[PDB]
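Visitor: this one's experimental. Sequence and coordinates below.
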Amino acid sequence: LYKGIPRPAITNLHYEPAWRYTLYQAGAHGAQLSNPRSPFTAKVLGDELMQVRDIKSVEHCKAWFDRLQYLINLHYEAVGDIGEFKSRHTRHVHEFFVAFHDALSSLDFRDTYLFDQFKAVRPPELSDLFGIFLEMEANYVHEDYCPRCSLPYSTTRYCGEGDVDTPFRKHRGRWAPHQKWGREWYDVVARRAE
Amino acid sequence: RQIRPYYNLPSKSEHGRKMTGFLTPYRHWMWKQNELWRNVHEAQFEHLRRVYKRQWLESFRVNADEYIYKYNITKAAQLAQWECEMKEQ
Amino acid sequence: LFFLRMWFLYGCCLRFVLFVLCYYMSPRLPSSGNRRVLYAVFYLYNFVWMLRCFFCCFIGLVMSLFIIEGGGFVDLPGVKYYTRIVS
Amino acid sequence: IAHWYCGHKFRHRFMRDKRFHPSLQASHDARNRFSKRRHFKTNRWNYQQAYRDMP
Amino acid sequence: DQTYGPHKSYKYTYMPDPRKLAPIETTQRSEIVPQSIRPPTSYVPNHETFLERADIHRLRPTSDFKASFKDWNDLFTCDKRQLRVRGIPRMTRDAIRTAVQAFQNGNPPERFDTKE
Amino acid sequence: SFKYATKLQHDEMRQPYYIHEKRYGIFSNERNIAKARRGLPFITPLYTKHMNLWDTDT
Amino acid sequence: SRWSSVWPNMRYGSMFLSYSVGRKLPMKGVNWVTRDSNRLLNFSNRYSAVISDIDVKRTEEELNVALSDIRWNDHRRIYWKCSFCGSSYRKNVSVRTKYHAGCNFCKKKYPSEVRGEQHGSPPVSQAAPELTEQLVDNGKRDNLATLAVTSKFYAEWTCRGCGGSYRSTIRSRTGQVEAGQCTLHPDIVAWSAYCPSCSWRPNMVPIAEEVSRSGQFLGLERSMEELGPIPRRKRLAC
Amino acid sequence: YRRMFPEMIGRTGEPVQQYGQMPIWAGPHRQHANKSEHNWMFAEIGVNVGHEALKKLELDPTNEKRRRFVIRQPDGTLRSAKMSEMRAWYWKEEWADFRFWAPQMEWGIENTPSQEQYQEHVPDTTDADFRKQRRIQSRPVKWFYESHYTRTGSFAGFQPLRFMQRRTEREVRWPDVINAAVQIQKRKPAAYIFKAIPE
Amino acid sequence: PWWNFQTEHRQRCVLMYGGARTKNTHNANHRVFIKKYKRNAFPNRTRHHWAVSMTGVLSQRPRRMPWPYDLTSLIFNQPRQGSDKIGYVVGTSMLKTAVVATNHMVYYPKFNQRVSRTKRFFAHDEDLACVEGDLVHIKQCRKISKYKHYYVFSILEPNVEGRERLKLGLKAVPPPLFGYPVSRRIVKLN
Amino acid sequence: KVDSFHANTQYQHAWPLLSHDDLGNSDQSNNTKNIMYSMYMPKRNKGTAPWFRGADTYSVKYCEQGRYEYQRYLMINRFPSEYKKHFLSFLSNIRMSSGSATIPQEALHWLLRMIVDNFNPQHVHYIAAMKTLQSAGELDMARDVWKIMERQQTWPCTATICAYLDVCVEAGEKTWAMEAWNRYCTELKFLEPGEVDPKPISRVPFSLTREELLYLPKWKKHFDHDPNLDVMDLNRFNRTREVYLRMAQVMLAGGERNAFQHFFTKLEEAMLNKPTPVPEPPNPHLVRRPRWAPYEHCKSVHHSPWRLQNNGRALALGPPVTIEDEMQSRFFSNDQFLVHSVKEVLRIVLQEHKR
Amino acid sequence: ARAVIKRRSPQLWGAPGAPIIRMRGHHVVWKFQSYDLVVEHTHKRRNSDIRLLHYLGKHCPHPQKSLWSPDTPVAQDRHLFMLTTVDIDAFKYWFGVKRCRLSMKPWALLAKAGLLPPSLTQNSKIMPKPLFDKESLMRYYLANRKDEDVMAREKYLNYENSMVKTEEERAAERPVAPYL
RNA sequence: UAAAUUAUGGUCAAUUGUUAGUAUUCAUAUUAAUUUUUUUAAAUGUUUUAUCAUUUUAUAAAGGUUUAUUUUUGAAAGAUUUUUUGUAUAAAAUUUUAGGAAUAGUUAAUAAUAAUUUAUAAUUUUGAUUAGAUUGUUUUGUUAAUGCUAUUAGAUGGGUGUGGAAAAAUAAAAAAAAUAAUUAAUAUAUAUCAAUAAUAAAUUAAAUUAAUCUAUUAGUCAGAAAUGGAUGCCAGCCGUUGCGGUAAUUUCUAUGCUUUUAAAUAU
Ligand SMILES: [Mg+2]
Ligand SMILES: [Mg+2]
Ligand SMILES: [Mg+2]
Ligand SMILES: [Mg+2]
Ligand SMILES: [Mg+2]
Ligand SMILES: [Mg+2]
Ligand SMILES: [Mg+2]
Ligand SMILES: [Mg+2]
Ligand SMILES: [Mg+2]
Ligand SMILES: [Mg+2]
Ligand SMILES: [Mg+2]
Ligand SMILES: [Mg+2]
Ligand SMILES: [Mg+2]
Ligand SMILES: [Zn+2]
Ligand SMILES: [Zn+2]
Ligand SMILES: [Zn+2]
């Protein structure tokens, strides 16, 4: 037992807590403001400096929304002709909206800072969003245009002709003739609105 | 390199180099100017050198010390455990 | 797999050779005929070896060097190397 | 087994491996593993009086 | 024993991605730092005088390519790819381009002739 | 247990570097890197063995 | 030579290359005919603009390709003249019809390239109307005055000093960029006034002036005169 | 679920903030330099950083040894990384959970593009794919009309046996015709005949 | 990418995502032996070379690797491997030099088993305490002469018997009866 | 590793997938999803499902961990020779690491780093660190040295106590000096007529009988040079009077009369009525030793003919600051030390007036 | 000090020289080319690894589209990206404590990152290099020069110790009643 | 010498040949390779300086080594003046050949000794020394797997001994003491040993900048696929049992026909 060496004094440190120190603080080496959202930082920086600091995020959010309502006011009535061979597609607005909503909700991009900005950035007329989208579903059902691709019946032979973003024409795929209104697509529109 | 212009003092020799670096007072003055500019650069530069030196030394102080905290606690724990095992022994 | 029949390929898949002789030899019964055998030479590390091989090839206008290729077995016992093209 | 190590047969390889086997190694009991027979009967006719300095 | 070659040719479709073709935001570096050309000096009046004073090395024979340059602006409008187009050999052409950008920096081609 | 875990060229299959510090002192190799005869073939031997296998201590 | 074998660079714009035997061979097997359901000129109810963009003299000279022989989806690359900015380019009809493939310039036609029409900035005819005369005259000057003052469009102008032609950017000329894009060089206005060659002289004047006054030039001067309540953080220095 | 477990839908995040720039003594002479064409991402590595094992501790705002990123915008300012950018610097990670709704799975009929699924090019038309046993397809934007909780994830974690498998081998050595079971394909004809096809 | 098939390859210059950047050394070469001598005359007395020889050390099959887990590392904490050895003293014919026989360990991972090999060292003992047949503790030190890097640190077990044998004027241990083996037959009678 | 056609170090940390141009799958415009899974990602072997290295494959329990708790106690021993070499090195590094380039806080750095390397910071190191730091006039870091020494449970010898009390006085914190006193120097005595001398060195130094060597566990045989072993014998020269003196100085420094009166009275009385303790010879590891050199090749005072250069052989420039011309404080007689003590107390009065 | 100088790859001051931070990669077709920030000695051998002090990171000189982030209507963010991995602690160690050297291209990188002010070799050829004269400078300096001790305190906090002890933590660390 | 639960936790081990009584890892299979194909290299003049000099510029020629290869700061980094410190040259383990015998400027003590100091010396059968082959202890291929099977290259003695360190006699792709240059990654047609190219190998077209290329083979008894015509133990086929005897579905030729489509074939 007591043969062979004296018991190392540092053993004491196990039994008496008096000897557990840390001479220095956590970020005392110059990292103190690492935590952006710590009370300590809110005290060091003060509020207006914090505003100055997060302004970039605020204008990110504002940007997403401004794009959204530009696209809405452009494509709101779904069937018109807005350009040379190009015409309005609800689908445009739809897919942008999904991009945004993935910015918030997806687990690959998880950019959730975007949602902390809504109580300020969000436009007062855009608060209803799925309501507006419903109204668009109403406008989308006009009879001169294809139920599927929303191109005009007169001037256009195929679905997705001269649309940059079309789903219905893929690379080495083939062209698809217009589909006609009737009970099928009527209740398609129905179900989407649902 | 060290730039030797054509209007440096020419050396006439067949046994060696054709041009010795020696300066027109103009070239000397010019050199002083350009040099001053560069001085303005390295001032900030090596200033940042010693800044980072203290940064690193400080962060070492803090982290290494924390490491001694945790490690010593470990070492004490093991030593306690050992002498226990020897009481049992 | 019989690894000793390849002795004169010396670890190589194909070989070059110079023509010397062509004689004929009678295969192991019950297979009769005349099998054409070409007697060839090549050199490695300044040693000149005489390689003895089956002649299956097509000979056109008179030519010298062939390309020796590996195995399989044939009627004729002791024949191990075969001919690919003639140069 | 690569065919170029040791002899032209396989069994030659395993026969050389037996010189490297762990439980087969040379010691104070098992000696002269590689040539036992060159040393056999070597001292039969060599008469050596054993060593005694003690009565 | 493998005389037969691969069992399959593995091939992947090309299917263009809507997200990769999306319009890219672009700037030209001539906006951020504007490009300009230096007017000839009395020291260096024209492009061949330039090629004359920028000729030093035996193996960077600048002054012989005078005909591949019509003028001043053509010299400083040139870059290395387009300089290879015109068939100037290699280290020669980099001595030339080096010279030009050097003169652009406030440092004219004044350097002792090594050839001797 | 597979071929991928044979490849030590992943850093996830290999005992990390810092161990060699924990044994010989920290920043101890920067000395050895400036040595006259190095890397041809041999470098100052680099000890990385998972610390619970260490023959010395355990 | 050797290096001829090297594949070119495909930037982010371009799709499938077709540089290898495997990439050519399946398409080598498609033979087209113009059957009147294919003819471009039939479909002018839609594609009318695309019909008026075609360079009719040039295409029939170089390509030996009739204008009656052009499909609306046609894959052969033919020459075009942009009916907007008046620059010539070579594309295939297919790519202008399936997606919009323009003149490569009018790509940058609007500012920002990303948000297309979202500009709230006035046209050039308004903000700085004095730029409209400096345009090289191809006859399209009325269209290029329609562009944003902020537009990133690459336009060619006749230099004031030597009366030759160079090419710069409309917003590089104006000096106005849209909020939240990249700020340009603070001097960009004075420096795009003239040729790449002619611009040195006028802008080197104020420098010479400031070394005439104080005998000493440091680019500092502007920033210094920017100096003649700012919230600031508590510091841990104490 | 939404009522009883409000914190399973993340509503909070690390705000994108701008860093203060270091002073440049050289003044305007160099003030052009850090302003350029592109965005510049800088992710940090080191012995204490870049280990997937520790990932969340490293992206934690509360930890001060936390791995640092910076991004210089083309105008020359610098900001903290968006969380997407932060995560870009770790080996790609699969989240798919099977307990309530079916996650979208790879190497299906409608998923796999042509060349892997069949060894021929098959035309993609949005109508009448006989091979895929579908009548017609309207193609709305994928996640738009569906409920968001219904989106789960994607499972890529298995071998796609039609396409490529382990220990590839000939099923039958004789006759010489059969290959490994991944080589299915129609016979190529005697030399190709091309019919003109405007029709 | 080593995990991609022969036909799956596109670029040879880079790893697209991750993994290990590997060089394929061509392992199957059909390398061969050249026969340069007659089987009758081979230019060596003991050993003859008739086939390709396996050329590694520790690359060499079946693998035998250094094992630092035996008795010696069990009793000691060594600052550097081989800084401590326990052994028996065999012979002292050299003043202040004790020869020591010592065991160490080898591991064959193929067979998952160990062997003890043995090795001799020259130890410097100032003052000639050691007798043949002592169990001694031995340490690494200053280079002393051409071959002696070890010194006798402690005698664990002295030879009581051997010392007494010495005091009486006799050798510590009787000299071995036969020397090394021979390939000859020695006929020596009476 | 780096700069080669096959270079691993560059793929060894995670990177987002690069499509700048055609990489052979025409990555610029091509949707690479299945290309990603089947081709680009590394697999367990050719044809196996992709091996995922992502953050979700590792268990949760990696982030439940406190810091450095994965470390296990490491007994690294090394030859005696090497201990000498190493303590010396750390000493000369704590003194100064770089020429003008040394920051005071570097002393602290080097002490810490010596701990981190699994060496034991002997007494010499602590004293040296303390005197260095105090001399640079940085007073908090000196106490930090002390706190480090307490945490290692190293029993401060008398010399060390002196040093730390010097830092206490200069800082004028009585609080530190009281705890330091109360813990370590309490039982400290003076020398009386019966008491004997420098006490001889009584420690054995540590060896092993063959049965100790063979039958003990490994840790019982592990000797790192450890203070607390030699503490008894560092104190064999009785520097106590110094400790009492410093302690007086402190109780005065913090403005308390009674305590000061106590210490100074004890000291005075003992200085009059007890024998003068034999002083310790110069410590080899602090003050070094004068190795022999001929001074022959030297710069010969008039070397530069513009001025008088000082020289290693003789000092020709005259003293820059007056030196008191008294031997080190421990060589004094007892009476002399009494006097010295009064002068000390006055010096502290002065210092406190200037604070 | 070589009898016959290795002519093509000269260097200052013998081998191995100072630690220097270089950017290097094996040469290949421009499409795939990457670089390595490496702290290493001045004199390299056949393989760059023999003298390699530390590995500072990968740098890819291909502007990249950000597909990692969701496609963002903000103008700035859709500029192409340039990707670089810096190891900043070994940088601050080698540069700060060990006093490194620097090649120019790495310098430009480390400038874009905010670790270093932009290099000497980055020139807007728009402006010229400045002029100088001692008495104008002197007038400006007499106009603005801070106080002695303020400046000494600056030099203190920047170069020497930063973290300091305010009154409160002293008062918090000094021993209480039973040992006080 | 008792069970266990607050229940799938600590993150995937999984084997595919049509054979020929039977015994024995052995022909024809896949994966990896060589057969196999110009998309990554490159040209000469290193450079300052105080002038016939002096400062800076340290590991790719060959030979064949298995108890073998080991080292400093005095150079530079490098911070203020002058003195200023100590740490290093040493070892340990892993070492091939079917049939096996002695090796030698030689060990240890003395010591800045001894071509003749002293001694009962050293290496070896626990495999030495010569000799053969061979570039040593994170690199590959196959595999479900203890295995089997690769890994280049790079240190070749001394003789006015310079230099911090011999690494010092073409063969860079390392900015080398003023910011030469970074709008750069392009280098034409050479080499060495590497560096896997039939990159949608066949029908809707290239959100280009249109630049390099005009691209094919096998089998045809057994086992996907045959008819004429010759030939007649011949000529020839042959991975393999074997085929060829005037009717050969196994040879040669013509035509068709067969294939699961980076080729057959040899190693
Ligand atoms: Mg063979
Ligand atoms: Mg046969
Ligand atoms: Mg093959
Ligand atoms: Mg294996
Ligand atoms: Mg050599
Ligand atoms: Mg030999
Ligand atoms: Mg050895
Ligand atoms: Mg050795
Ligand atoms: Mg010689
Ligand atoms: Mg059949
Ligand atoms: Mg046949
Ligand atoms: Mg007949
Ligand atoms: Mg027939
Ligand atoms: Zn339609
Ligand atoms: Zn246009
Ligand atoms: Zn002009």
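Guide: Cool, got the structure. Residues are numbered from 1 along each chain as shown, chains lettered A, B, ... in the order given. Ligands and ions are numbered 1, 2, ... in the order given.
Visitor: what about whatever residue of chain E ends up closest to chain H, how many neighbours?
Guide: Among the residues of chain E, residue E:13 lies closest to chain H, at 3.6 Å counting by CB to the nearest CB. Backbone N, C-alpha and C define where each C-beta goes, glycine included. Neighbours of residue E:13 under the rule other CB atoms under 10 Å in any protein chain shown: 20.
Visitor: likewise for residue J:248?
Guide: Neighbours around residue J:248, by other CB under 10 Å: 25.
Visitor: which residue, other than its chain neighbours, is closest to the residue of chain E closest to chain H?
Guide: Nearest residue to residue E:13 in three dimensions, chain neighbours excluded: residue H:113, at 3.6 Å (CB to CB, 6 or more residues apart in numbering or on different chains).
Visitor: and that neighbour, how many residues sit next to it?
Guide: Residue H:113, neighbours per other CB under 10 Å, totals 20.
Visitor: hmm, back to that, looks like the residue of chain E closest to chain H contacts residue H:116 (just checking).
Guide: Yes - taking contacts as CB atoms under 8 Å, residue E:13 lies within contact range of residue H:116: 6.9 Å.
Visitor: what about the helices in chain I?
Guide: In chain I, the helices defined using DSSP state H lie at I:71-75, I:160-167.
Visitor: now distance to chain J and mean neighbour count too, for those, in CSV please.
Guide: CSV is the format used below for these (distance: least, CB to the nearest CB, whole Å; neighbours: other CB atoms under 10 Å in any protein chain shown):
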stretch, distance to chain J, mean neighbour count
helix I:71-75, 6, 16
helix I:160-167, 14, 14
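Visitor: now the ones you listed in TSV, with distance to chain B?
Guide: Output for these, formatted as TSV (distance: least, CB to the nearest CB, whole Å):
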stretch	distance to chain B
helix I:71-75	17
helix I:160-167	32
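Visitor: tell me which of those approaches residue D:53 most closely.
Guide: helix I:160-167 (9.0 Å; CB to CB).
Visitor: buried ones in the longest helix seen in chain E?
Guide: In terms of residue count, the longest helix belonging to chain E (DSSP H) is helix E:90-104. In terms of neighbour count (16 or more other CB atoms under 10 Å in any protein chain shown), helix E:90-104 has its buried residues at E:92-93, E:95-97, E:99-100, E:103.
Visitor: point out the residues in chain B that sit beside RNA strand L.
Guide: With CB under 7 Å from any atom of the strand as the criterion, chain B meets RNA strand L at residues B:1-5, B:8, B:11, B:13, B:15-23, B:27, B:30-31, B:34-35, B:37-38.
Visitor: if you set the cut-off to 6 Å instead, what comes out?
Guide: B:1-5, B:11, B:13, B:15-17, B:20-22, B:27, B:30-31, B:34, B:38 (CB under 6 Å from any atom of the strand).
Visitor: of the helices of chain I, which is nearest residue A:168?
Guide: That would be helix I:71-75 among the helices of chain I, by CB to CB, at 74.3 Å.
Visitor: return that closest one as CSV; C-alpha atoms alone will do.
Guide: Below are the C-alpha coordinates for helix I:71-75, written out as CSV (Å, rounded to 0.1, in the frame of the first residue of the first chain):
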residue,chain,number,x,y,z
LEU,I,71,6.8,-8.4,-20.3
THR,I,72,9.2,-5.5,-20.6
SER,I,73,6.6,-2.9,-21.4
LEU,I,74,4.5,-4.6,-18.7
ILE,I,75,6.9,-3.8,-15.9
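Visitor: elements contacting it?
Guide: Under the contact criterion of 3 or more CB pairs under 8 Å, 6 or more residues apart in numbering or on different chains; DSSP states H and E, helix I:71-75 touches strand I:84-89.
Visitor: touching chain D at all, the strand it packs on?
Guide: No - against chain D, strand I:84-89 shows no contacts by CB under 8 Å from any CB of the partner chain, the least distance being 12.8 Å.
Visitor: name the strands paired with that strand and say parallel or antiparallel.
Guide: Applying DSSP bridges, strand I:84-89 is found paired with strand I:97-108 (antiparallel), strand I:135-145 (antiparallel).
Visitor: check which residues of that strand are buried.
Guide: I:84-89.
Visitor: what do you get for stretch H:103-117?
Guide: So for stretch H:103-117, counting by 16+ other CB under 10 Å, buried means H:106-107, H:112-117.
Visitor: turn those residues into TSV, including distance to residue A:81 and secondary structure.
Guide: TSV is the format used below for the buried residues of stretch H:103-117 (distance: CB to CB, whole Å; DSSP: H, G, I helix; E, B strand; the rest coil):
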residue	distance to residue A:81	secondary structure
H:106	40	coil
H:107	41	coil
H:112	38	coil
H:113	34	coil
H:114	35	helix
H:115	38	helix
H:116	40	helix
H:117	39	helix
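Visitor: report the secondary structure state of the one residue sitting closest to the centre of chain D.
Guide: Nearest to the mean C-alpha position of chain D, by CA atoms, centre = their mean, lies residue D:33 at 1.5 Å. Here residue D:33 is recorded as coil under DSSP: H, G, I helix; E, B strand; the rest coil.
Visitor: assumed residue B:39 was part of a helix.
Guide: Yes - counting by three-state DSSP, residue B:39 is part of a helix.
Visitor: so how far is residue K:9 from it?
Guide: 30 Å (CB to CB, to the nearest Å).
Visitor: identify each buried residue in stretch G:40-48, please.
Guide: Here stretch G:40-48 shows G:40, G:43, G:46-47 as buried, counting by 16+ other CB under 10 Å.
Visitor: got the residues of the stretch 201-350 of chain J near chain A?
Guide: So far as CB under 8 Å from any CB goes, the stretch 201-350 of chain J lies against chain A at J:206, J:208, J:212, J:216, J:220-223, J:226, J:228-229.
Visitor: make a ChimeraX selection of the buried ones in the residues you listed.
Guide: Buried residues within these, by 16+ other CB under 10 Å, are selected in ChimeraX with:
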select /J:208,216,220,221,222,223,226,228,229
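Visitor: from residue H:67, how far off is the residue of chain D found nearest chain G?
Guide: Minimum separation of chain D from chain G (CB to the nearest CB) falls at residue D:2, amounting to 38.2 Å. Per CB to CB, residue D:2 is found 49 Å from residue H:67.
Visitor: these two: who's more crowded?
Guide: The neighbour count for residue D:2 versus residue H:67, taken as other CB under 10 Å, is higher for residue H:67 (23 against 13).
Visitor: around ligand 15, pick out the residues from chain G.
Guide: G:82, G:84-85, G:103, G:105-106 (CB under 5 Å from the ion).
Visitor: thinking again about what came up before, the residue nearest to residue E:13: what's it in contact with?
Guide: Contacts for residue H:113 (CB atoms under 8 Å, 6 or more residues apart in numbering or on different chains) come out as E:12-13, E:15, J:34.
Visitor: with residue J:128 instead?
Guide: J:91, J:94-95, J:286.
Visitor: so it, which of the three states?
Guide: Here residue J:128 is helix, with the state taken from three-state DSSP.
Visitor: for chain K, which strand is longest?
Guide: Ranked by residue count and defined by DSSP state E, the top strand of chain K is strand K:54-64.
Visitor: please see if that strand touches chain H.
Guide: Yes - using CB under 8 Å from any CB, strand K:54-64 reaches chain H at K:57, K:63.
Visitor: which elements pack onto that strand?
Guide: Here strand K:54-64 touches strand K:35-40, strand K:81-86, helix K:88-91, going by 3+ CB pairs under 8 Å, 6+ apart.
Visitor: and if we set it to 6 Å?
Guide: strand K:35-40, strand K:81-86 (3 or more CB pairs under 6 Å, 6 or more residues apart in numbering or on different chains; DSSP states H and E).
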